[PDB]
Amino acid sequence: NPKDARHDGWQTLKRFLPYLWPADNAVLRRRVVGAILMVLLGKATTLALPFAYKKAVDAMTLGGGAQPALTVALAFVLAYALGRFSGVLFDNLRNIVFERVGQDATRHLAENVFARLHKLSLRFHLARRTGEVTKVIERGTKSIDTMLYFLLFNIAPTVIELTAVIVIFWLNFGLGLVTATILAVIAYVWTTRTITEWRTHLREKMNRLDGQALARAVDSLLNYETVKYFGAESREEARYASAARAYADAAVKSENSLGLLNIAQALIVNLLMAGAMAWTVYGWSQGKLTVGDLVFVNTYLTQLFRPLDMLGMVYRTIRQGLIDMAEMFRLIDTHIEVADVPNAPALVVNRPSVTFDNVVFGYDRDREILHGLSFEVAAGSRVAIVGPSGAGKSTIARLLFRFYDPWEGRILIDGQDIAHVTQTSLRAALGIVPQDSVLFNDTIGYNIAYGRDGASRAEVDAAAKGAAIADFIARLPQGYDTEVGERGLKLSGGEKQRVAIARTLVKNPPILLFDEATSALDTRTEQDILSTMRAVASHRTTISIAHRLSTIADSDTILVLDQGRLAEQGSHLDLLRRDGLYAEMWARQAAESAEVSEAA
């Protein structure tokens, strides 16, 4: 198992490798081979070109058997120039050939994470700020892309080139040259790395201060009226100014440290240059080496250290990239609390009854909410579930849609344990109008059609009509194509709840749940929407969970929860007659509304 290993960069890359070599595609695998071939051609080329330059100088200084020297030297100079152009061509062709592969690999990584995020439990409460998440994901995407590019196109070729230079220097010089350049590369890498750790710290402090200065400015600008009301302009300016100075100080330190890195790098490189060239000319002095060899060695060294001129940034980005990617893999690895059992049959609803069979449940194991809740909802009846503050009624919907499983006991629909069926069929059987309905950032029509995957215009129109929002939509300038939600037209609470009703009408489920559906609405809106809700509950099993008892008094039967168990059951009149918990709640709520009514 690759997962059974040390949690480092090597493991992360090893996990990423199958994305780069799909074994699903074969058009992409070809592209990868082609890209590798371009790396090889490009290296062969850049290694070959300095020999051409060397021969040209040799022809000019040892015209003994390289005649006519003019023709020979010209030929080699053209070979050198053509070589430079060719090296660039091969490099860009490898990038171009590979790009599709990279984009596909990262797209598939992202898709796997996205799917897993939808599979994971509700208790991670993914409802947070849009801008924060977006900024983070933008940052991570850029990060992983840069990492991938630098590993494949900067680090790998440099390793190939470095080994080649070692062999070629070995076969033709020194070997003191080989040890000098290897020591040089080691010094260079170590220096760059240690300086880069320091620079990355300074960069983090800089960025933090920048965010603070910007936040002060933005808070001020979005609060222009308040700033005016209190004549606080100068105060705000001074307050931005101090933060902006703290940022400028940190920025100066951060940028300066780059100068220190460049100077260190140049010191190492140029010491090696001085030594190698001195050694080469000395070798010439003894008749061992040609003058062309000087040009050859100098060229080999500058070509070698060219990609390493970015090593600081390369190091910072590959590191951050590996961290960001390991985070992706940690999500994909996180285990799924609620899964279909192996080979789960579809739930088959012929008679839509609902049974809670001795249900024990809580969100967290240190706080049990339901203590053995049992009840039976008849097929086609309209039932309500009510209780006081600790009753646990707010769990019913979440259990029924299997956002969570019972700790003990079970829930059945049509005599079938919902824990043993596919989640998709289970949810196909259920409609819900929740307390707070949320709209996608899309058109109102898209939002209504969302109730069913292939929903036609007629179905949407019919539901909008059934939810009595059709007229409201007709009066919108852009009608069904009116963008709603954030970044869009603002709907009232009643209008959103009507869009939700319309969604469930599109879905047409056999069992429908009103989950505190009217609790966020004002009194008149609540009363208006109740006739609509009653009409849509027509030939379905309906379960309404409500705080205000009068809104559910017309139910076929009412289930009263107390302390996570079923305390009372029956019609509204039977419950008033029993003079128990429901009667007390009813009396209290009526008194409350009477008192509120007194304050006119």
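Note that residue numbering follows the sequence shown and begins at 1. Between two forms, the rigid core is defined as the largest C-alpha subset superposing within 1.5 Å.
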property	result
Stretch with greater C-alpha deviation in 4 other deposited structures of this protein, 123-131 versus 67-75 (rigid core superposition)	67-75
Farther-lying stretch by C-alpha RMS in 4 other deposited structures of this protein, rigid core as reference, of 478-486 and 282-290	478-486
Higher-B stretch (mean Cα B-factor, as the entry records it), 143-151 or 395-403	143-151
203-211 versus 161-169 - greater average Cα B-factor per the deposited record	161-169
Which of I385, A428, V113, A474 ranks first by CA B-factor in the deposited coordinates	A474
Options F305, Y363, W284, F440 - largest CA temperature factor per the record	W284
Relative C-alpha B-factor of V32, binned into the chain's lowest, middle or highest third	middle
Third of the chain, ranked by Cα B-factor, where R548 sits	middle
Third of chain Cα B-factors occupied by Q527	highest
Within-chain third of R351 by Cα B-factor, per the entry	middle
Lowest, middle or highest third - CA B-factor, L566	lowest
